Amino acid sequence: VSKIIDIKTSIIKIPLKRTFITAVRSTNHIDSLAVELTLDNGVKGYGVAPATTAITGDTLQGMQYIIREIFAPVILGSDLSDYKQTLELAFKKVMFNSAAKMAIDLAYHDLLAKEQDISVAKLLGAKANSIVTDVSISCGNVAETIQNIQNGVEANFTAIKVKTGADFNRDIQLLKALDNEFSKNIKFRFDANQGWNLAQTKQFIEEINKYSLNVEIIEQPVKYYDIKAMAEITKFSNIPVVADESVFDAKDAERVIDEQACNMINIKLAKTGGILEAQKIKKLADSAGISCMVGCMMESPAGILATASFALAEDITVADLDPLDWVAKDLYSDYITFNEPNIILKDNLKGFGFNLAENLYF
């Protein structure tokens, strides 16, 4: 019977290839916390999670304190086989801070898989090793945005996530330029990041329908708490509506199902607090006939690998996992081949297949 007898954490900062700009922040790096769990047979497991404070409220400093001072006393000395119960006991001591939970949940899965000498994807039941991602396009003026999209098409992507909601007039004009520059072989996914109101959303959908575009989803058009508007939009729309910030966890999923507020849920492990909770959402969505995609924060390739592993296990094929495009290939080439637009897991990995040598020990 294996027991967890040590926990360490380490902060990992990864430089980005270009500057990443959100509605509230600009950065040239990814902030992550890694956690290492050590079993009394010597097997070590790792989880890595981002500190995206504007979305999940996590900070590196908060996560470190939580893991060392709050989760560690619950985990330490406990049997690996009781992980479901251990995590439930640990997590009930902390409201929010979902990324700190993610790091812990992922390290546990890495241990479970390593104990069976298999990959985490295999542990979770995956057989396929490859998932398609869109490429993400930052907000910009119409011309810069058309060019960015072109460069994406040229790099082999055919699913294009277009960020909107900063300049509604730009969003509207953009659709005309889209209809003129691209064929229905290009599939568009718009993510307003809560930037539109109800009237704007309806209008944007109307403008789309004035053209001949291939648009597969409209993601989180309005504020995360406006479940009434989301439901009104879902009913109005002839295009799949995706809940992102409206759904972190399973009880959020229950509410959007109950209120019919989306057609599809965007699962991210940084919101769910890891794989166990993401599996609960996927089971609720299936029962409701609601589909799921997977997404991520701007986060390290380790988070992307864990998310891809979950998706492959859950028969989720729609994915927005393009942070691999923002970092150096050498950070992930030990476990992922990114032949755009395909994210392909390497063969015969034990657990996730990354180690934290350069961070923890070198």
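Don't overthink the numbering: it's just position in the shown sequence, from 1.
- Per-stretch averaging of Cα B factors for 181-189 and 275-283 places 181-189 on top.
- The PDB entry reports B-factors from which the mean C-alpha value can be compared for 83-91 and 100-108; the larger average falls on 83-91.
- Residues shown: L123, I218, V162, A166. Highest C-alpha temperature factor in the entry: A166.
- Looking only at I172, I118, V135, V74, the residue with the top Cα B factor in the deposited structure is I172.
- In the deposited entry, the Cα temperature factor of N266 sits in the bottom third of values across the chain's modelled residues.
- In the PDB entry, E207 places in the highest third of its chain by CA B-factor.
- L60: CA B factor lies in the lowest third for its chain, per the PDB record.
- Ranked against the other modelled residues of its chain, the C-alpha B-factor of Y224 as given in the entry falls in the middle third.
- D244: CA B factor in the lowest third of modelled residues in this chain (values from the PDB entry).
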